Amino acid sequence: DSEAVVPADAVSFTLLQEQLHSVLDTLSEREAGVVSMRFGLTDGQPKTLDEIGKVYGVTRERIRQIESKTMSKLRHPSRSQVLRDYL
DNA sequence: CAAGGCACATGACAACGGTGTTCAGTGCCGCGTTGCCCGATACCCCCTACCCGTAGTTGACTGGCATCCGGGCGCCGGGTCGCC
């Protein structure tokens, strides 16, 4: 069957979740939060940049600028060795 | 031989030297924080092409199918008709 949850894949996904969440915890609180909402780690629906700029109280271009800032920071080789292997 | 008079240096005396802080103000020059501008993207419309369901088609045409055996083995249990 195809509907079976392969234990190896499920456990790898859980480990990826934990490692990624730790990596965001390395980032600043606001930066980690905004990138999380932009990619919906907390909830299955990611929020657009303007969509993030309502609960947090930032403007769509301001939140956009920090989204660019988050993507850069997670792109430095520091917080990249761990997540390269998980793909 | 002892007392009184002049040289140089001396206990303090402030005020400059030079340099380190101070609160102070104002910028200097990098991050941001936000108004635009567009650009793309979801979402209404019209058109017809094709999928899918319904309804006919009148010479006559009137009862089917091939089963199934070489288990094997025994028991249960009920039915089933003879029995006297």
# chains A, B, ... in the order shown; residues from 1 in each chain; ligands from 1
$ interface_residues --of "chain A" --to "chain B" --cutoff "9 Å" --atoms "only C-alpha atoms (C1' of nucleotides)" --output "count of residues only"
4
$ select_by_dssp --residues "range 19-75 of chain A" --states "helix (DSSP H, G or I)" --output "ChimeraX atom specification"
/A:19-26,29-39,49-52,60-73
$ atom_distance --atom1 "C1' of residue 39 in chain B" --atom2 "CA of residue 39 in chain A"
22.9 Å
$ residues_around --residues "range 78-83 of chain A" --least-positions-apart "3" --cutoff "12 Å" --atoms "only C-alpha atoms (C1' of nucleotides)" --output "list in words"
residues 12, 13, 15, 16, 17, 18, 19, 20, 21, 22, 23, 24, 25, 26, 27, 70, 71, 72, 73, 74, 75, 86 and 87 of chain A
$ residues_around --residues "residue 36 in chain A" --least-positions-apart "5" --cutoff "9 Å" --atoms "only C-alpha atoms (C1' of nucleotides)" --output "PDB file with N, CA, C and O atoms, in the first residue's frame"
ATOM      1  N   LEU A  24      15.460  28.141  14.195  1.00  0.00           N
ATOM      2  CA  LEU A  24      14.755  29.414  14.339  1.00  0.00           C
ATOM      3  C   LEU A  24      14.915  29.975  15.745  1.00  0.00           C
ATOM      4  O   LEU A  24      15.064  31.189  15.922  1.00  0.00           O
ATOM      5  N   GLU A  31      12.383  37.809  14.495  1.00  0.00           N
ATOM      6  CA  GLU A  31      12.766  37.278  13.189  1.00  0.00           C
ATOM      7  C   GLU A  31      12.266  35.848  13.018  1.00  0.00           C
ATOM      8  O   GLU A  31      11.681  35.494  11.983  1.00  0.00           O
ATOM      9  N   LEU A  41       5.180  27.431   9.966  1.00  0.00           N
ATOM     10  CA  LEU A  41       5.621  26.329  10.808  1.00  0.00           C
ATOM     11  C   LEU A  41       4.658  26.082  11.959  1.00  0.00           C
ATOM     12  O   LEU A  41       4.489  24.931  12.376  1.00  0.00           O
ATOM     13  N   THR A  42       4.022  27.132  12.478  1.00  0.00           N
ATOM     14  CA  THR A  42       3.064  26.992  13.566  1.00  0.00           C
ATOM     15  C   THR A  42       1.704  26.506  13.080  1.00  0.00           C
ATOM     16  O   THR A  42       1.052  25.712  13.766  1.00  0.00           O
ATOM     17  N   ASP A  43       1.264  26.971  11.912  1.00  0.00           N
ATOM     18  CA  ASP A  43      -0.030  26.608  11.357  1.00  0.00           C
ATOM     19  C   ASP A  43       0.131  26.278   9.880  1.00  0.00           C
ATOM     20  O   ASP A  43       0.930  26.898   9.174  1.00  0.00           O
ATOM     21  N   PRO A  46       0.678  29.240   5.631  1.00  0.00           N
ATOM     22  CA  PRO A  46       1.572  30.395   5.765  1.00  0.00           C
ATOM     23  C   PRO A  46       0.856  31.683   5.399  1.00  0.00           C
ATOM     24  O   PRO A  46      -0.046  31.703   4.558  1.00  0.00           O
TER      25      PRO A  46
END
$ closest_residue --among "A:11, A:76, A:57, A:67" --to "residue 38 in chain A" --atoms "only C-alpha atoms"
A:67
$ atom_distance --atom1 "CA of residue 50 in chain A" --atom2 "CA of residue 68 in chain A"
13.7 Å
$ closest_residue --among "B:81, B:31, B:61, B:51" --to "residue 69 in chain A" --atoms "only C-alpha atoms (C1' of nucleotides)"
B:31
